[PDB]
Ligand SMILES: OC[C@@H](O)[C@H](O)[C@@H](O)[C@@H](O)CO
Ligand SMILES: [Cl-]
Ligand SMILES: [Cl-]
Ligand SMILES: [Cl-]
Ligand SMILES: [Cl-]
Ligand SMILES: [Cl-]
Ligand SMILES: [Cl-]
Ligand SMILES: [Cl-]
Ligand SMILES: [Cl-]
Ligand SMILES: [Zn+2]
Ligand SMILES: [Zn+2]
Ligand SMILES: [Zn+2]
Ligand SMILES: [Zn+2]
Ligand SMILES: [Zn+2]
Ligand SMILES: [Zn+2]
Ligand SMILES: [Zn+2]
Ligand SMILES: [Zn+2]
Ligand SMILES: [Zn+2]
Ligand SMILES: [Zn+2]
Ligand SMILES: [Zn+2]
Ligand SMILES: [Zn+2]
Ligand SMILES: [Zn+2]
Ligand SMILES: [Zn+2]
Ligand SMILES: [Zn+2]
């Protein structure tokens, strides 16, 4: 019956894994999802929101390219009575109907603390950023910086974007390897994909054993934690977070009272608890998806949208 438009920045690993959860929730709730991807382009994404508005969908979910963007489109949707939500990354507009977000400051702090823990408080790092001007790099950078403020013997030799993408990260890391070589003691990657690119560049330079930390716990990232290729990650289960977003959208379409700004807190993932994450995200995906609608409705009650039973969670 309900038609809910989705425009995402790109089909990243996180979004790709999460789409299955969104689509599972939609099918269980009589929602047709209109999927669009903006391939990392703000104007494309603006055009997609315009189109969804023109189509008269019941609600719109934006996973934004840029935080400072889409003002006219979000004001249009609001003026027309179409609930528009930001999910997964932030928008600056005051007109959102819902706002379903990770705590990216916390996640950045957590990854940097994992690295500081590994290094014993001393060493030289490089930092791979998400797309500049997205809330993910802004907020993860703030949390990294909060932790760097405690460690005078940790030095950042370089920081740059690789736009969430593995192969950008390989090329950035190869330039830093040619500049700094074995002065690089660790890599803090703002997502797992970029950390895996760095891993590949280091391998091809003949370096194994360099500490790398990520964020997301995508399939390949969890496997990297299990194998020791990463020191840790922070779980951002897209099946969970994106389905939570859709559930807030669905409640707004139905006129129900709902918490419209729940926060997804990413649990730390290490070799101690990576098995369970592997079951949910890698080896037992379909069993997890069979449970997802129920998990989502329970968690929308507690507000604890990240709960999935990872060791360490409440
Ligand atoms: O670019 C939007 C988000 O910041 C992004 O989807 C991140 O949450 C994710 O960690 C990237 O892999
Ligand atoms: Cl994937
Ligand atoms: Cl699917
Ligand atoms: Cl589907
Ligand atoms: Cl791309
Ligand atoms: Cl306004
Ligand atoms: Cl912690
Ligand atoms: Cl802590
Ligand atoms: Cl993956
Ligand atoms: Zn892409
Ligand atoms: Zn699948
Ligand atoms: Zn699907
Ligand atoms: Zn453009
Ligand atoms: Zn902002
Ligand atoms: Zn307004
Ligand atoms: Zn916080
Ligand atoms: Zn911590
Ligand atoms: Zn050193
Ligand atoms: Zn920035
Ligand atoms: Zn590659
Ligand atoms: Zn190569
Ligand atoms: Zn994956
Ligand atoms: Zn809000
Ligand atoms: Zn919790």
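Residue numbers (the entry's author numbering): 34 to 347.
All residues carry an ideal CB built from backbone N, CA and C; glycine is no exception.
- Assignment of residue 317 by DSSP, reduced to helix, strand and coil, places it in the coil class.
- For residue 209, the enclosing alpha helix (DSSP H) starts and ends at 199 to 213.
- A contact is defined here as three or more CB-CB pairs under 8 Å, and the stretch 259 to 269 fails this definition with respect to the stretch 100 to 118.
- The beta carbons of residue 228 and residue 51 sit about 19 Å from each other, so the pair does not count as a contact at 8 Å.
- Close CB contacts of residue 188 within its chain, under the 6 Å cut and outside five residues either way in sequence, are with 157 (chain order).
- In this structure, residue 225 lies near residue 251, with their beta-carbon atoms less than 8 Å apart.
- Between residue 98 and residue 130, the C-beta spacing is not below 8 Å.
- The beta carbon of residue 300 sits closer than 6 Å to the beta carbons of 268, 343, 345 and 346 from its chain, once the five residues preceding and following it are set aside; these are given in chain order.
- Judged by DSSP in its simplified three-state form, residue 329 adopts helix.
- Assigned with DSSP and collapsed to three states, residue 345 falls in coil, not helix or strand.
- If one requires a minimum length of 3 residues, the beta strand (DSSP E) runs lying completely within the stretch 117 to 190 are 117 to 120, 131 to 135 and 156 to 162, in chain order.
- Annotation: the continuous alpha helix (DSSP H) that includes residue 284 extends over 271 to 286.
- Here DSSP, grouped into helix, strand and coil, assigns residue 194 to strand.
- DSSP places residue 303 in the coil class of the three-state scheme, outside both helix and strand.
- Rounded to the nearest whole angstrom, the CA to CA distance from residue 320 to residue 81 is 33 Å.
- Here residue 274 is near residue 297, since their CB atoms are less than 8 Å apart.
- Contact between residue 341 and residue 313 is confirmed by a C-beta separation of about 6 Å, below the 8 Å threshold.
- Contact between residue 151 and residue 223 fails: their C-beta atoms lie close to 17 Å from each other, not under 8 Å.
- Between residue 96 and residue 120, the C-beta spacing is below 8 Å.
- The C-beta separation of residue 196 from residue 164 comes to about 5 Å, placing the pair in contact by the 8 Å criterion.
- By the rule of a C-beta closer than 7 Å to any heavy atom of ligand 5, the residues picked out are 43, 72, 73 and 198.
- At least 8 Å separates the beta-carbon of residue 170 from that of residue 248.
- Its chain contains 226 and 251 as the residues whose beta carbon lies nearer than 6 Å to that of residue 46, once the 5 sequence neighbours on both sides are disregarded; these appear in chain order.
- Remark: the shortest separation between the CB of residue 56 and any heavy atom of ligand 3 falls under 7 Å.
- Taking the Cα of residue 324 as reference, the smallest distance to any Cα among 201, 55 and 37 is reached at 55.
- Between residue 89 and the set 64, 74, 36 and 43, the nearest pair of CA atoms involves 36.
- For residue 346, the CB stays at least 7 Å from every heavy atom of ligand 7.
- Taking residue 311 as the centre and dropping the five residues before and after it, the same chain places the C-beta of 255, 256 and 259 closer than 8 Å to its C-beta, in chain order.
- Distances from the CB of residue 101 to the heavy atoms of ligand 15 are all 7 Å or more.
- Exclusion of the five residues before and after residue 276 leaves 54, 55, 58, 325 and 329 as the residues of its chain whose Cβ lies within less than 6 Å of its Cβ.
- Out of 166, 155 and 168, the CA that lies nearest to the CA of residue 180 is found in 155.
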